[PDB]
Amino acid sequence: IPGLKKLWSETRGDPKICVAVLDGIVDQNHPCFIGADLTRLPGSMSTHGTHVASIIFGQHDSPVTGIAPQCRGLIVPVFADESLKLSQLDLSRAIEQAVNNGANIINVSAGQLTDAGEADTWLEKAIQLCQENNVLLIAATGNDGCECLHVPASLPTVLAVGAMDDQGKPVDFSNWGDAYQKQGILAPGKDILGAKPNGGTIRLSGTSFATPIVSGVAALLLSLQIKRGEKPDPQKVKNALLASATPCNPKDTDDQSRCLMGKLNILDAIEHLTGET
């Protein structure tokens, strides 16, 4: 991933920056969280949730190289294991809880498929709560391989995240759609290494694993603002991430709309957010 090392050389996270992971129960005994600052809000262990959290918080030198290892983390489980289906009511409650506990970024590596992006009004209010408190919600576009919308990824003010491979081309499974043209970027989502409950690591593919990468970068970017004596501003960070996305040329896909607003571009994100090149 271009720019990630240069960014790390400036910061690997700041404890003053909190990222909430709304997913399944995380295996807190995994070696990759040794030294990580994690709290779970009020056996049943999730592979999906452990993997996702490890992508963000995996301590360097552990078996997973997390994007933002020194940041504060909140685990706020939104499903019991095995099935990954999500009540909109429960999600809105988790978001509400994440906000009141001082999360700056909220990661949602799940969604619910909808006919046209419509949402339960309590979910809509949860996103409204985030807008009012300057919390950035970042969510997976989904893996239905169609012009299809998930909530909350399709909701206004949310940052939506699809998947690309290593050649920077969009994958078949990654959802696309007009709501996503407005607010989505592609991040790596093929064979991402992360933790497995009980202690191995596994490579997995999906928008579920792209999303935590953008979450981590957004946290790095907020930490970088602190480093520079600027106020951390997650809504500023969203637009920098979107404005810096690099569009796909015709040697990437046939359909240029499968790329959304474009590809995650860390160096340009820094440039757009701060002064720096």
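Residue numbers run from 1 along the displayed sequence.
According to the entry, the stretch of the deposited sequence that connects residue 229 to residue 230 contains no residue lacking coordinates, so the chain runs unbroken between them. Judged by mean Cα B factor in the deposited record, 241-249 ranks above the other of 26-34 and 241-249. Across the two stretches, 103-111 and 81-89, the PDB entry reports the greater mean Cα temperature factor for 81-89. Listed residues 203, 150, 169, 196 were ranked by CA B-factor as deposited; 169 comes out on top.
Per the deposited record, the Cα B-factor of residue 51 falls in the lowest third when ranked against the other modelled residues of its chain.
Per the PDB record, residue ranking by Cα B-factor puts residue 259 in the highest third of the chain. Sorting the modelled residues of the chain by their CA temperature factor places residue 146 in the highest third. When the CA B factors of the chain's modelled residues are split into thirds, the value for residue 163 lands in the lowest one. Ranked against the other modelled residues of its chain, the C-alpha B-factor of residue 121 as given in the entry falls in the highest third.
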